[PDB]
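Visitor:
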Ligand SMILES: CCCCCCCCCCCCCCCCCC(=O)OC[C@H](COP(=O)([O-])OCC[N+](C)(C)C)OC(=O)CCCCCCCCCCCCCCCCC
Ligand SMILES: CCCCCCCCCCCC(=O)OC[C@H](COP(=O)(O)OCC[N+](C)(C)C)OC(=O)CCCCCCCCCCC
Ligand code: SF4
Ligand code: SF4
Ligand code: SF4
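Residue numbers (PDB author numbering), protein chains in the order written: chain q, 1 to 97; chain a, 1 to 70; chain B, 24 to 179; chain I, 1 to 176; chain D, 46 to 53, 61 to 430; chain H, 1 to 206, 210 to 318; chain A, 1 to 35, 49 to 115.
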């Protein structure tokens, strides 16, 4: 049933982030618990994901690092922490990460 | 999605549920496990006061059956 | 522990509340107001940050000056700012409110709303994209999160 | 060719009049409005999760002004003052003099970011692709003086963003 | 008669007699910045961005009026492909304008939902703007001689996708307003204007067509390639707010009709006049040819000279008849640029159209005129 | 045990109001293709807390008031009466079991009109006073239909006891024989509670609480949102009665609560779908459309039991 | 005794919430601030409500009056009052008494 695999997706998200602790970390940091393919990771700790089944605008996102340039960014994240090379791929100026 | 609106509704449902559950449980706690006596008219009040006297104790929710007779 | 520790956690409680319920009073004067409407539109949905779409001046915490402030409109702007209950913050949106922009050398333009009211965040662009304005609102939230109102009181 | 938008006469036969009578009394057409808003409750919202998701842009996007170099580290600007002359807002101020080796370079290059209208004429008028508008749109400040860029800020921007400016020009230079 | 100063960028000094309005006196100038005096210190290219900021909901239609006026004085002609990119983006810009007009008009009288549905579409039409010029609103794309740059590959495919699904969005808007009795009560028989008074007061656009006058500049005085496209001009019968609401909704549908034809009939070629003394050469040939480098140098420092003369050029802008009265003295800077904003005449008829109505009807009447104070005040 | 009982009523009432602000912003958001509050706490559950704290540590706004004592009397009356209209409600056992509970609720809601009037008086703004007088006229006008429609439904129940409306519907909902009255009762609750499309007090481009900002303004807000739930609780009991099983009282509350919520949601549903009336168009809806029909149906329901031998019991 | 206690509680709580809401903000000690023509239509609607409200006061005891044994008289008197209430509305309607267009 299509109604049961909805619950299955809601469960594979809990395991997708590596257990309850990882699931709650992303929920309280990004307010989104989706799971997507990992496209890469930059030298500052940022991880960049991809899910082409999502509508345009939500098919790419980044989970910011918890420490950049000696600053604690667990809660205080910023849109300017994306380095220039990933800035182009994140805003869909190109399809090439 | 839309189902993310339910957690807010759930809290409202629980909050509105407590007032009706609390009164029902408190009434059964204060009337010997029975519904609180309804007395809208003086006839129903006269019987309630009578049961208070017949109770022996000064309470109208203590009922006396066919054991006070003879 | 020390008294500063306790007073420094009450500060985080009030700072959390104030930066999580920013109610803006938008001064939509010119083209920049169209981008402000696009920040309330579905794609960015400012309301999901706790920033209601529009509030009356008496209920407002932040004033967004979005457009060209002219000499004729200046006194009316300072009156709305004086009637705002505190704490009150001001956000300057676009080049016109920053330094006059394209009309800097006009006879009927105030060269920056900072000449009339104090400003907390300057947002550059003509117009700033709705994403840049959102980035400027989130930067005001961090500015409210660094406030030390109670620490200053305790050490007075 | 024209068409009428509201020149239709209502039918006055008994069935039609009763249809409008039932509509007035039973609120039939006010319940269609409820239906349309009920559909949107079960649609996927178009919100994106900023600042973790961003809005799509293009290589032509006009953002923060910046100054570039050649692949050898030499500055591209040769102080021709064409950008200063076409800026509609008069936001560029330039002074120049011969460098120590005799090159034609600038001693001053200031852009008043609060006068700039972010129009892109300066990058059109530059004959050596020195000044460009980068892809950055997140540089809101807390003081008015931080929006008055001088040559050092503009050269730092070029060194900060060259990785992305270079790839944006490569994707669009065959149109301009 | 109670006098209320409904101040603030509009200030109305109204004279109420109970509920009715007896005299409505708009006070403007709260957005007067002296555009027409600044244009005299700029070259013709340096004055192009000023016209994006007159009616900031119809940016690329404002640019087109200025470009046609300057081309007329120059005596040059943009190439055919540039003309199709201007009819195409002049009808995308009409959807942007009518969405703002219809939804903001409905938002002031209470209906808050259609604003959020239709402003998602506006978000997608801003990406077309940003993919041809790099700026979401003030593209400065249409210029005297044609357009700045050619359309990027893949743009016309996306415009087609947006055009397929847009009619369904208008239908949802109509399911909320057209037959709603609350909405009709707020608009029907409100702000009635007679045909003879509409002409004499200086009205244009839907303010004329809502009262039955059959006039549309795209069909009577065509410009660019509007004579090669087929579309209908909706005409009202009652002359009230409800009729003008229907006219704006129907023009949105006919804009999709024009956009469908422009995509299919887009020809190849250049996108700016092949005259290097008016339009700059391409950067590739500005770096190899001396003549091209000389002409690039002068067009961005001194600009091109315009022969002496005066012209008044008008287009059917979404608001109405937008035009400039441009005077040249034979130099590279204009001598006088008078801007005829349609809202100036419409807002001046508020006192007449508001007679015998209530206080809350003034909001509906102001919104049916589609007033934007960037162009009213200039 | 009675003092505990009141707090088991008052405290959950305020929490329901606190999270009704959250739900209204999300349901409107999802009808408008948005998401609504989803940042402050998981799914926005901490958003009500943030607003409440912020509103109670914000600078007082009170300017000069002619009757400052009347400035404090108005919120107290509005919040005291809002909570007082809950004590006779059977859920399924009322806190105070009145023999004339229906009259009590009618009487209390007719006194809430003073909160609007006193607030307008103390505002020291002749324009705000006009706004308050318009609100009072709207409120009292629609109290006429609430009383007559309620009277027409009690002629099938037989008394003014709210607990008796449970018995009258033990076989069938009262909406079936009185759906014409339900439509007009439901719309009068919208107009009596000052809700869109009848909320012309919020005609910003076209209120009487403007003089209040933070603090007391929050108290008026809770009084209004407390009345929406109570009115929709009243409607459920009046037209959608639930079965009562004395040995399982909690089953009544669950079914009764769901109906009350769905009717509270419909208030949010309606605000998202329609534009607002003019003042003279929502006065014609009452005097020229509803009242003529309410009087006719009042005559019908007076004679309907008599001509069908279906007169309800007095006791 | 329970109704009096309940009324005392609701208006005591509402009193405390108001007084603290007027004082809790007044501890930040912010810097010192340093800063109608009578309408006859509003009166007419107010009076028309009063006369209808009094007529309703005579209709309230209808539920109890249906229990009498003189049903023919009760029904005639009940419809008489409602008809007279309808004639009162019909008089104001035709005399432009319900209009708001001055
Ligand atoms: C044997 C049988 C004998 C007895 C039969 C007795 C019944 C006979 C049938 C009578 C018809 C039923 C009358 C219903 C009342 C009609 C009111 C009316 O007159 O409307 C005209 C009025 C006014 O109509 P108008 O604006 O078109 O103008 C009428 C007058 N003219 C045309 C002359 C100008 O319309 C409205 O009432 C609209 C109000 C706005 C409503 C917006 C919210 C809508 C919400 C929809 C959901 C409602 C849910 C209801 C369920 C609640 C559940 C608890
Ligand atoms: C003793 C006084 C009573 C109040 C207790 C303190 C509450 C306020 C502190 C949180 C605000 C904050 O800062 O929220 C964000 C915090 C982390 O803070 P950070 O971002 O590292 O701040 C850095 C330091 N600054 C702010 C000075 C710059 O997230 C958390 O992990 C908190 C989540 C758990 C909160 C549970 C509170 C339970 C108490 C409920 C009854 C009072
Ligand atoms: S800064 Fe730009 S968009 Fe904003 S008002 Fe000025 S010209 Fe218009
Ligand atoms: S982008 Fe335009 S306004 Fe900004 S510096 Fe360049 S020419 Fe001047
Ligand atoms: S146009 Fe280019 S080379 Fe000439 S002064 Fe400006 S930045 Fe330098």
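Where a beta carbon is used, it is the ideal one built from N, C-alpha and C, also for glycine.
What is the rounded straight-line gap between the Cα of residue 18(a) and the Cα of residue 138(I)?
Guide: When rounded, the distance between both Cα atoms is 49 Å.
Visitor: For the pair the stretch 246-256 of chain D and the stretch 390-405 of chain D, tell me if three or more CB-CB distances fall below 8 Å.
Guide: Verdict: yes, contact present.
Visitor: Ignoring anything shorter than 4 residues, give me the alpha helix (DSSP H) runs that lie fully in the stretch 69-118 of chain I, in order along the chain.
Guide: 82-86, all fully within the stretch 69-118 of chain I.
Visitor: Which residues in the same chain have their Cβ closer than 8 Å to the Cβ of residue 117(D), if we skip the five residues on either side of it in sequence?
Guide: Counting only Cβ-Cβ distances below 8 Å, and skipping sequence neighbours, we find 103, 365, 366, 367, 369, 374, 375, 376.
Visitor: Is it buried or exposed for residue 238(H), if we count other Cβ within 10 angstroms and need 16 for buried?
Guide: Classification of residue 238(H): buried, given that the 10 Å Cβ count is 16 or more.
Visitor: Give me the residue from 58(q), 85(q), 96(q) with the minimum Cα distance to residue 166(I).
Guide: Looking at the Cα atoms, 85(q) is the closest of the given residues.
Visitor: Can we say the stretch 169-178 of chain D touches the stretch 214-224 of chain D, given the rule of at least three CB pairs closer than 8 Å?
Guide: Verdict: yes, contact present.
Visitor: Return yes when the Cβ of residue 114(B) is within less than 7 Å of the Cβ of residue 85(B), no when it is not.
Guide: Yes; because the gap between Cβ atoms is below 7 Å, this pair is in contact.
Visitor: Any residue with its C-beta under 5 Å from a non-hydrogen atom of ligand 2 counts. Can you list them all in chain order?
Guide: In chain order, the hits are 75(q), 32(B), 35(B), 36(B), 39(B).
Visitor: Using a Cβ cut-off of 7 Å (strictly closer), state whether residue 45(a) contacts chain I.
Guide: It does not: the Cβ of residue 45(a) has no partner Cβ on chain I nearer than 7 Å.
Visitor: Should residue 126(I) be counted as a contact of ligand 3 given a C-beta to heavy atom distance under 6 Å?
Guide: Checking the Cβ of residue 126(I) against ligand 3 gives no.
Visitor: With burial defined as no fewer than 16 other Cβ atoms inside 10 Å of the residue's Cβ, what is the status of residue 118(H): buried or exposed?
Guide: With 16 or more Cβ atoms within 10 Å of its Cβ, residue 118(H) is classed as buried.
Visitor: What does a CB cutoff of less than 6 Å around residue 221(H) pick up in its chain, not counting 5 residues either side in sequence?
Guide: Contacts found: 55.
Visitor: With a threshold of 8 Å, are at least 3 pairs of Cβ atoms found where one atom belongs to the stretch 299-312 of chain D and the other to the stretch 272-288 of chain D?
Guide: Judged by Cβ distances under 8 Å, the stretch 299-312 of chain D makes contact with the stretch 272-288 of chain D, as three or more pairs qualify.
Visitor: Starting from the beta carbon of residue 60(I), find every residue of chain D whose beta carbon is closer than 9 Å, and list them in chain order.
Guide: Simply 182, 183, 184, 185, 186, 187, 201, 204.
Visitor: Should the stretch 87-94 of chain B be regarded as contacting the stretch 13-31 of chain A, the criterion being three or more beta carbon pairs within less than 8 Å?
Guide: Verdict: no, contact absent.
Visitor: Flag this pair as yes or no: are the beta carbons of residue 87(H) and residue 95(H) separated by less than 7 Å?
Guide: In contact: residue 87(H) and residue 95(H) (Cβ atoms closer than 7 Å).
Visitor: Work out the CA separation of residue 158(B) and residue 52(I) for me, nearest whole Å.
Guide: Rounded to whole angstroms, residue 52(I) to residue 158(B) spans 12 Å at the Cα level.
Visitor: Can you give me the start and stop residues for the beta strand (DSSP E) that residue 344(D) sits inside?
Guide: Run containing residue 344(D): none in the beta strand (DSSP E); it sits in the alpha helix (DSSP H), 342-351.
Visitor: Taking 7 Å as the threshold (C-beta atoms), are residue 132(H) and residue 148(H) in contact?
Guide: Cβ distance not < 7 Å, so residue 148(H) and residue 132(H) don't count as in contact.
Visitor: Cβ-heavy atom distance between residue 79(I) and ligand 5 below 6 Å?
Guide: True, at least one ligand heavy atom lies under 6 Å from that Cβ.
Visitor: Which term fits residue 71(a), buried or exposed, when burial requires 16 or more other beta carbons within 10 angstroms of its beta carbon?
Guide: The structure shown has nothing for residue 71(a), since chain a only spans 1 to 70.
Visitor: Quick one: is residue 85(A) buried, meaning 16 or more other Cβ sit within 10 Å of its Cβ, or exposed?
Guide: Exposed.
Visitor: Who are the Cβ neighbours of residue 295(D) in its own chain at under 7 Å, not counting the five residues just before and after it?
Guide: Excluding residues within five positions, the ones whose Cβ falls inside 7 Å are 262, 288, 289.
Visitor: Give a yes or no on whether the C-beta atoms belonging to residue 118(B) and residue 86(D) are separated by under 7 Å.
Guide: No, Cβ-Cβ distance for residue 118(B) and residue 86(D) is not below 7 Å.
Visitor: With a cut-off of 8 Å, do at least 3 Cβ pairs link the stretch 36-54 of chain a to the stretch 267-274 of chain H?
Guide: Touching, no.
Visitor: With 7 Å set as the bound, which would you pick, yes or no: does the beta-carbon of residue 104(B) sit closer than that to a beta-carbon of chain I?
Guide: Output row for residue 104(B): interface = no.
Visitor: Assign residue 240(D) to one of three DSSP states: helix, strand, or coil.
Guide: If DSSP states are grouped into helix, strand and coil, residue 240(D) belongs with coil.
Visitor: Whole angstroms is fine: what's the gap from residue 238(D)'s alpha carbon to residue 413(D)'s?
Guide: Cα to Cα, the separation comes out at about 7 Å.
Visitor: Which of the three DSSP states, helix, strand or coil, is assigned to residue 66(q)?
Guide: Residue 66(q): coil per DSSP, three-state reduction.
Visitor: Residues of chain H with CB closer than 7 Å to the CB of residue 55(I), please, in chain order.
Guide: By Cβ distance, chain H contributes nothing, its closest Cβ being about 16 Å from residue 55(I), past 7 Å.
Visitor: Work out the CA separation of residue 95(D) and residue 265(D) for me, nearest whole Å.
Guide: Residue 265(D) and residue 95(D): Cα-Cα distance of roughly 39 Å.
Visitor: For a test of the three-state rule: what should DSSP assign to residue 127(B), helix, strand or coil?
Guide: The answer is coil: DSSP assigns residue 127(B) none of H, G, I, E or B.
Visitor: Should residue 9(A) be flagged as near chain H, meaning a C-beta pair shorter than 7 Å?
Guide: With 7 Å as the cut-off, residue 9(A) counts as an interface residue toward chain H.
Visitor: Kindly list, in the order they appear in chain B, the residues whose Cβ is closer than 7 Å to that of residue 138(I).
Guide: Here the neighbours are 155, 158.
Visitor: Roughly how many whole angstroms lie between the Cα atoms of residue 129(D) and residue 135(D)?
Guide: The straight-line gap from Cα to Cα measures roughly 10 Å.
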